[PDB]
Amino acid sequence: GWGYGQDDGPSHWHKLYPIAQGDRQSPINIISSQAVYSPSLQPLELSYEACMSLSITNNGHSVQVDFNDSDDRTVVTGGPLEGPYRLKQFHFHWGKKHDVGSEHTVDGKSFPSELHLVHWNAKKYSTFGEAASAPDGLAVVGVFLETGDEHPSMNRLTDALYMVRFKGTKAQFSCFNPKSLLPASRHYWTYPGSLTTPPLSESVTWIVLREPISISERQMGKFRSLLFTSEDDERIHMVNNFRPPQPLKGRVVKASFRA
């Protein structure tokens, strides 16, 4: 019912999910000079185990790696979070050129891709779905990707894309440590927001890392080789699967650092 094409793209989502015009929608354009330095925030800690990954899937909207979230082994804690949130899955948003692809932008600048590590408040809610509807239910850590030098650990992931090039396909993806996709800095911007895809619920505490990671153009190209379409269909490459910046509506963006 929704996608990233000319007829079902982000500009039309509100026709189906009215909350798309809400007061805490994501993503947003981060004006670094207007972010509020908040030294009162606790250190952001991403405590990830190496073998919690389950599979890699092309769900028609992105490529997603799902995790075992039975306990609090792989969690994010600190920063603006009151407690630990368990990692459920990570996925990406990307474009067709280096000038576009990320959802969040910084001072008007977009990156070729953005990684989203999705976590939920399992201590408070029974299911991820239950959490995805509550204001304090989710915590998504966003990491910008820039193109430059090849990323060693990313190779395992980009090499796996061929087997999930078609929509609705999946493959086993064991022992991939999402910590390998994090930058050396834990500085970030945070603000109250929403899921960036339908149902667009305003249940996400966003934590956007300041430092991007880089992958090579070859690796980025592997993402663009994915398809929005199934095997027996006219091929349409999965690109520009991002939602543009939404109105801030008076929300305060906090920063764990001084610009």
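Throughout, rigid core stands for the largest set of C-alpha atoms superposing within 1.5 Å between the two forms. For every residue, the number given is its place in the sequence shown, counted from 1.
Comparing 82-90 with 95-103 in 7 other deposited structures of this protein, after superposition on the rigid core, the stretch with the greater RMS C-alpha deviation is 95-103. Comparing 168-176 with 111-119, the higher mean C-alpha B-factor in the PDB entry belongs to 168-176. In this entry, the higher average B-factor at the C-alpha atoms falls on 25-33, of the pair 25-33 and 191-199.
Between the residues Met163, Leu182, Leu157, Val106, it is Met163 that shows the highest Cα B-factor in the PDB record. Across the options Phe144, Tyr85, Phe92, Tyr125, the residue with the most elevated CA B-factor in the record is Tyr125. Annotation for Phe228: C-alpha temperature factor in the highest third relative to the rest of the modelled chain, per the entry.
Among all modelled residues in its chain, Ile236 ranks in the highest third by Cα B-factor. Among the modelled residues of its chain, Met52 has a C-alpha B-factor that falls in the middle third according to the deposited record. Ranked against the other modelled residues of its chain, the C-alpha B-factor of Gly60 as given in the entry falls in the middle third.
In this PDB entry, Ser133 carries a Cα temperature factor that places it within the highest third of its chain's modelled residues.
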